[PDB]
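K.L.:
Number of protein chains: 2
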Amino acid sequence: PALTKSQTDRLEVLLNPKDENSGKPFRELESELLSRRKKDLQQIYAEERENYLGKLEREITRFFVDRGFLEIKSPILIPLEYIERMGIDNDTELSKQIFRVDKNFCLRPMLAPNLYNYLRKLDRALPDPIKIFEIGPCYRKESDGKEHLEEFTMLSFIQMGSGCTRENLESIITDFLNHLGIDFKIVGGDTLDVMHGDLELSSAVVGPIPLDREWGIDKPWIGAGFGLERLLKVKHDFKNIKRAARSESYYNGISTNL
Amino acid sequence: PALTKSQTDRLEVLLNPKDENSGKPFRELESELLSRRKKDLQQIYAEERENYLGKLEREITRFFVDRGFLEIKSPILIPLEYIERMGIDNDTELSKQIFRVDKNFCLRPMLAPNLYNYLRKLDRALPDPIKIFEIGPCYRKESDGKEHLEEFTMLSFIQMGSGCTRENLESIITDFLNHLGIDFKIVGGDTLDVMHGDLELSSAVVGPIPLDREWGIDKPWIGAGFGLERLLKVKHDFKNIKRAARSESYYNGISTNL
Ligand SMILES: Nc1ncnc2c1ncn2[C@@H]1O[C@H](COP(=O)(O)OP(=O)(O)OP(=O)(O)O)[C@@H](O)[C@H]1O
Ligand SMILES: Nc1ncnc2c1ncn2[C@@H]1O[C@H](COP(=O)(O)OP(=O)(O)OP(=O)(O)O)[C@@H](O)[C@H]1O
Ligand SMILES: N[C@@H](Cc1cccc(I)c1)C(=O)O
Ligand SMILES: N[C@@H](Cc1cccc(I)c1)C(=O)O
Ligand SMILES: [Mg+2]
Ligand SMILES: [Mg+2]
Ligand SMILES: [Mg+2]
Ligand SMILES: [Mg+2]
Ligand SMILES: [Mg+2]
Ligand SMILES: [Mg+2]
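Heads up: the sequence lines are chains A and A', in that order. A prime marks a further copy of an entry chain. Residues 188 to 207, 211 to 378, 385 to 454 in PDB author numbering are what the first sequence spells out, letter by letter. Residues 188 to 207, 211 to 378, 385 to 454 in PDB author numbering are what the second sequence spells out, letter by letter.
So this is what it looks like as structure tokens:
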């Protein structure tokens with residue numbers, strides 16, 4: 188007879204985007223998909239052995255290092271006061287999304303506060319313009335599940351000082367996404389969102405903005421923040437973002453429950 | 188007159204391992223070190239632009255991928271039950287070191303529980319022996335500060351099935367550390389610690405151990421866990437591990453308070 192909804196969910200777990211009702215019962219559809227997915231893992235294991243998320247991070251790192259941006263690795267566990275100093279008050283959606291740790295810390299929901307601090311300190315040492323980027327874990331409590339992870343990975347890059355125009359911002363974005371092979375449109385201090393269909397890949401900002409002064413920043417700047425799992429989702433055409441996440445249930449978008 | 192202890196602390200912050211009392215007052219020692227450290231940052235910014243921690247991670251990744259180990263990226267935020275299932279009861283030192291998040295989660299203090307789960311699942315897909323590794327953030331509350339970080343980075347690798355001997359374990363360790371250029375001694385299921393002088397670089401284990409069965413593991417295995425910041429500390433001869441940490445105060449071991 189027809190597939191149950193539960194059986195269809197199970198097959199959808201094992202289904203990869205360009206695999207492709212029939213006289214075929216569940217048992218045989220499942221056995222066929224199990225066989226294909228095991229072979230996919232075997233092929234990764236025999237050849238490249240790289241995780242997509244780690245690999246994307248290395249590729250993005252190369253891109254920005256080669257374009258003059260300094261690679262930052264800053265804390266993931268940050269002072270809780272950075273959150274209010276970011277102007278995230280009980281008025282904003284974000285205030286409710288913070289994972290708190292102990293009395294005085296939290297998991298960073300974005301890279302911005304640490305990068306603000308790096309911008310100010312590095313301005314004492316480095317010639318104009320100051321170009322930096324970080325890639326790493328960020329955390330947000332989320333109700334939604336298809337485009338949101340509670341544990342995700344952000345790329346943020348910033349240029350500060352000379353050349354901080356909207357055109358140069360859009361140009362970096364454009365070179366970046368064409369380099370990765372990802373289709374996009376830019377939709378618009386100035387605040388621009390980089391969209392893939394209805395999926396937000398990035399929020400980008402042309403500074404200065406009034407918030408800067410809280411962080412001791414008094415120069416023009418441009419920057420953007422990207423979700424790596426969203427980039428992976430689009431690039432590999434995963435229909436659920438959980439296939440692109442740090443996970444025990446998926447490896448390079450392949451189910452590990454085989 | 189003599190340097191105050193506070194002034195000496197300040198200079199020690201700006202002092203890098205092979206920089207080198212005098213008729214020289216604080217102001218001029220400080221200005222000289224400030225000048226050298228700014229130049230160090232300028233040189234990084236002009237040339238390589240890579241963060242040491244990120245770079246070490248890429249180098250370690252290459253090493254294990256090239257030796258047949260599958261690269262894993264698993265959650266950092268893990269179920270609290272993984273901790274007790276690791277046999278970390280209120281009897282062990284570790285139970286007191288867990289950063290809890292919400293009711294049911296915590297920051298992983300080690301990579302082992304997630305890798306146990308990957309070993310069991312991948313054994314259904316991959317040929318013997320199963321070789322995997324992960325590098326990423328781990329978290330422990332620590333009282334000590336000179337060799338311990340509360341936020342650090344672990345490398346863990348595991349081989350499971352055939353070839354899981356103490357000799358092959360010691361051989362991987364040995365090739366690994368000679369590749370990185372780090373001096374060590376191995377000190378000794386079997387439990388071995390990889391030492392640099394009095395500093396522990398790694399705990400390594402030859403399985404099986406009784407804990408395996410909790411995780412559905414019933415094969416021989418060998419593995420080890422390394423602190424990346426400790427490796428960096430030794431390699432760059434930093435006298436405090438905070439120079440090797442994710443930080444807003446140090447960049448590649450250079451003070452950012454200039
Ligand atoms: N929970 C999440 N899971 C996965 N990626 C995320 C998440 N939150 C943000 N991102 C990514 O980080 C980028 C910058 O963060 P930003 O604060 O602009 O997100 P956002 O505007 O809250 O996104 P959304 O409207 O989709 O919630 C986003 O464009 C998105 O790509
Ligand atoms: N708090 C920490 N900061 C930095 N590195 C750490 C920390 N805890 C563990 N490591 C690194 O992780 C490796 C494996 O973890 P393990 O649980 O064996 O540490 P440990 O035996 O508790 O170390 P120690 O005796 O130094 O506390 C250690 O050999 C060490 O290199
Ligand atoms: N607003 C996003 C992306 C972003 C925008 C501007 C600057 C940066 I640095 C990052 C975020 O930080 O959540
Ligand atoms: N005991 C250390 C290092 C280690 C030892 C054996 C196996 C693995 I995988 C890792 C730890 O996991 O904290
Ligand atoms: Mg949001
Ligand atoms: Mg949005
Ligand atoms: Mg946004
Ligand atoms: Mg310890
Ligand atoms: Mg120990
Ligand atoms: Mg140990």
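Just so it is clear, CB atoms sit at the ideal spot from N, CA and C, and this is done for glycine as well.
Which of helix, strand or coil does DSSP assign to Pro265(A)?
P.N.:
Here residue 265(A) refers to the residue found at position 75 when the first sequence is read from its first residue. Reduced to three states, the DSSP call for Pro265(A) is coil.
K.L.:
Mind checking who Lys321(A') pairs with in its DSSP beta bridge?
P.N.:
Counted from its first residue, the second sequence places residue 321(A') at position 131. DSSP, once it has assigned bridges, lists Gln349(A') as partnering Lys321(A').
K.L.:
Give the range of the alpha helix (DSSP H) segment to which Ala302(A) is assigned.
P.N.:
Sequence index remark: in the first sequence, residue 302(A) carries index 112 (1-based). Start and end: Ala302 to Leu312.
K.L.:
With 8 Å set as the bound, which would you pick, yes or no: does the beta-carbon of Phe259(A') sit closer than that to a beta-carbon of chain A?
P.N.:
Along the second sequence, read from residue 1 onward, the residue named residue 259(A') stands at position 69. It does; some Cβ of chain A falls within 8 Å.
K.L.:
Let me know if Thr343(A) comes out buried or exposed under the rule of 16 or more other beta-carbons within 10 Å of its beta-carbon.
P.N.:
In the first sequence, residue 343(A) corresponds to position 153, counting from 1. Under this definition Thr343(A) is a buried residue.
K.L.:
With DSSP as the reference, label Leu224(A') as helix, strand or coil.
P.N.:
If you number the second sequence from 1, residue 224(A') lands on position 34. Helix, per DSSP.
K.L.:
For the pair the region 340-356 of chain A and the region 266-280 of chain A, tell me if three or more CB-CB distances fall below 8 Å.
P.N.:
These segments do not touch.
K.L.:
Does the distance between the C-beta of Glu341(A) and the nearest non-hydrogen atom of ligand 9 fall short of 7 Å?
P.N.:
By 1-based counting over the first sequence, the position of residue 341(A) is 151. No, since every heavy atom of ligand 9 falls outside the 7 Å radius drawn around the Cβ of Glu341(A).
K.L.:
Give the interface partners of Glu207(A) over in chain A', defined as CB-CB distance under 9 Å, in chain order.
P.N.:
Numbered from its first residue, the first sequence carries residue 207(A) at position 20. Those do not exist, as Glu207(A) stays about 22 Å from chain A' at its closest Cβ, beyond 9 Å.
K.L.:
Any C-beta of chain A sitting closer than 8 Å to the C-beta of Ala315(A')?
P.N.:
Within the second sequence, residue 315(A') is the residue found at index 125, counting from 1. True, the Cβ-Cβ gap to chain A drops below 8 Å.
K.L.:
Out of curiosity, what's the CA-to-CA distance linking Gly335(A') and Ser221(A)?
P.N.:
For this step, residue 335(A') is matched to residue 145 along the second sequence. For this step, residue 221(A) is matched to residue 31 along the first sequence. Spanning the two alpha carbons is a distance of roughly 54 Å.
K.L.:
Are there any heavy atoms of ligand 3 lying less than 7 Å away from the beta-carbon of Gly419(A), as far as the coordinates show?
P.N.:
Walking along the first sequence from the start, residue 419(A) turns up at place 223. Indeed, a heavy atom of ligand 3 lies less than 7 Å from the Cβ.
K.L.:
Looking at the C-beta of residue 140(A'), does it have a partner C-beta in chain A at a distance below 8 Å?
P.N.:
One cannot answer for residue 140(A') here, as it falls past the ends of chain A', which runs 188 to 454.
K.L.:
Specify the secondary structure class of residue 128(A) as computed by DSSP and reduced to three states.
P.N.:
In the structure displayed, chain A extends from 188 to 454; residue 128(A) sits before or after that span and is not available.
K.L.:
How long is the line joining the alpha carbons of residue 208(A') and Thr251(A'), rounded to whole angstroms?
P.N.:
Gap note for chain A': numbering proceeds from 207 to 211 with nothing in between, so residue 208(A') has no coordinates.
K.L.:
For the region 256-283 of chain A, which residues have a CB atom closer than 8 Å to at least one CB atom of chain A', in sequence order?
P.N.:
So the list reads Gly258, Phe259, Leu260, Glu261, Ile262, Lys263, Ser264, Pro265, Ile266 and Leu267, given in the order they occur along the chain.
K.L.:
Just checking my contact of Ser346(A') with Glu324(A') at CB under 8 Å: how many whole Å lie between their CB atoms?
P.N.:
Here residue 346(A') corresponds to residue number 156 of the second sequence, with the count starting at 1. Here residue 324(A') corresponds to residue number 134 of the second sequence, with the count starting at 1. 6 Å between Cβ atoms; contact.
K.L.:
Return the chain-ordered list of same chain residues with a C-beta closer than 7 Å to the C-beta of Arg330(A), the five sequence neighbours on each side being excluded.
P.N.:
Stepping through the first sequence from its first residue, residue 330(A) is reached at position 140. Taken in chain order, the residues that qualify are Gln287, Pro299 and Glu340.
K.L.:
With distances taken from each beta carbon to the nearest heavy atom of ligand 9, which residues come in below 7 Å, in chain order?
P.N.:
Matched residues: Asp389(A'), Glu396(A') and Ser399(A').
K.L.:
Could you name the residues of chain A that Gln232(A') contacts, counting a contact when the two beta carbons are closer than 9 Å?
P.N.:
Residue mapping note: residue 232(A') aligns to position 42 of the second sequence, counting from 1. Those are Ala315, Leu316 and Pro317, listed as they occur along chain A.
K.L.:
Nearest-angstrom Cα distance between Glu337(A) and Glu207(A)?
P.N.:
Along the first sequence, one-based indexing puts residue 337(A) at 147. Along the first sequence, one-based indexing puts residue 207(A) at 20. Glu337(A) and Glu207(A): Cα-Cα distance of roughly 24 Å.
K.L.:
Would DSSP call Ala441(A') helix, strand or coil?
P.N.:
Position 245 of the second sequence, counting from 1, holds the residue named residue 441(A'). The answer is coil: DSSP assigns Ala441(A') none of H, G, I, E or B.
K.L.:
Under 7 Å between beta-carbons, which chain A' residues line up against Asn294(A)? List them in chain order, please.
P.N.:
The residue labelled residue 294(A) in the question sits at position 104 within the first sequence. By Cβ distance, chain A' contributes nothing, its closest Cβ being about 12 Å from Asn294(A), past 7 Å.
K.L.:
Can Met300(A) be considered in contact with ligand 3, in the sense that its beta carbon sits closer than 7 Å to one or more heavy atoms?
P.N.:
Position 110 of the first sequence, counted from the start, is the residue given in the question as residue 300(A). Yes, since a heavy atom of ligand 3 falls inside the 7 Å radius drawn around the Cβ of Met300(A).
K.L.:
Taking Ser193(A') as part of the alpha helix (DSSP H), name the residues at either end of that continuous run.
P.N.:
Translated into the one-based positions of the second sequence, residue 193(A') becomes position 6. Counting along the chain, the alpha helix (DSSP H) containing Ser193(A') begins and ends at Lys192 to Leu201.
K.L.:
Do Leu305(A) and ligand 3 come close, with the Cβ less than 7 Å from some heavy atom?
P.N.:
Position 115 of the first sequence, counting from 1, holds the residue named residue 305(A). Yes; taking the cut-off as 7 Å, the Cβ of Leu305(A) has a heavy atom of ligand 3 nearer than that.
K.L.:
Can we count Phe374(A') as close to ligand 2, meaning its CB is less than 7 Å from some heavy atom?
P.N.:
Residue 374(A') sits at position 184 when you count from the first residue of the second sequence. No - ligand 2 has no heavy atom lying nearer than 7 Å to the Cβ of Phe374(A').
K.L.:
Going by other Cβ atoms of all chains shown within 10 Å of its Cβ, with 16 needed for buried, is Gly412(A) buried or exposed?
P.N.:
On the first sequence, position 216 is the one that residue 412(A) refers to. Its Cβ having fewer than 16 others within 10 Å, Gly412(A) is exposed.
K.L.:
Going along chain A, which residues have a C-beta under 9 Å from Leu243(A')?
P.N.:
Stepping through the second sequence from its first residue, residue 243(A') is reached at position 53. Going along chain A in sequence order, the residues near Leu243(A') (Cβ under 9 Å) are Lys263.
K.L.:
For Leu270(A), name the three-state secondary structure that DSSP assigns.
P.N.:
Position 80 of the first sequence, counted from the start, is the residue given in the question as residue 270(A). It is coil, neither helix nor strand.
K.L.:
At a Cβ threshold of 8 Å, is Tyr446(A) touching chain A'?
P.N.:
Counting from one through the first sequence, the residue named residue 446(A) turns up at place 250. No, no contact with chain A'.
K.L.:
Strictly below 9 Å CB to CB, what residues from chain A border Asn307(A')?
P.N.:
Within the second sequence, residue 307(A') is the residue found at index 117, counting from 1. Result: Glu444 and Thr452.
K.L.:
Three Cβ pairs or more, each shorter than 8 Å: is that satisfied between the region 392-401 of chain A' and the region 419-427 of chain A'?
P.N.:
With the cut-off at 8 Å, the region 392-401 of chain A' and the region 419-427 of chain A' touch.
K.L.:
Contact criterion: CB-CB distance below 8 Å. Does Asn304(A') meet it with respect to chain A?
P.N.:
On the second sequence, position 114 is the one that residue 304(A') refers to. Yes, contact with chain A.
K.L.:
If I follow the unbroken beta strand (DSSP E) through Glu396(A'), where does it start and stop?
P.N.:
Walking along the second sequence from the start, residue 396(A') turns up at place 200. Taken as a continuous stretch (DSSP letters only), the beta strand (DSSP E) holding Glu396(A') covers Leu395 to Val402.
K.L.:
Would you kindly report the start and end of the unbroken alpha helix (DSSP H) that includes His369(A)?
P.N.:
Start at 1 with the first residue of the first sequence, and residue 369(A) comes out as number 179. From DSSP, the alpha helix (DSSP H) with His369(A) extends over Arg356 to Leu370.
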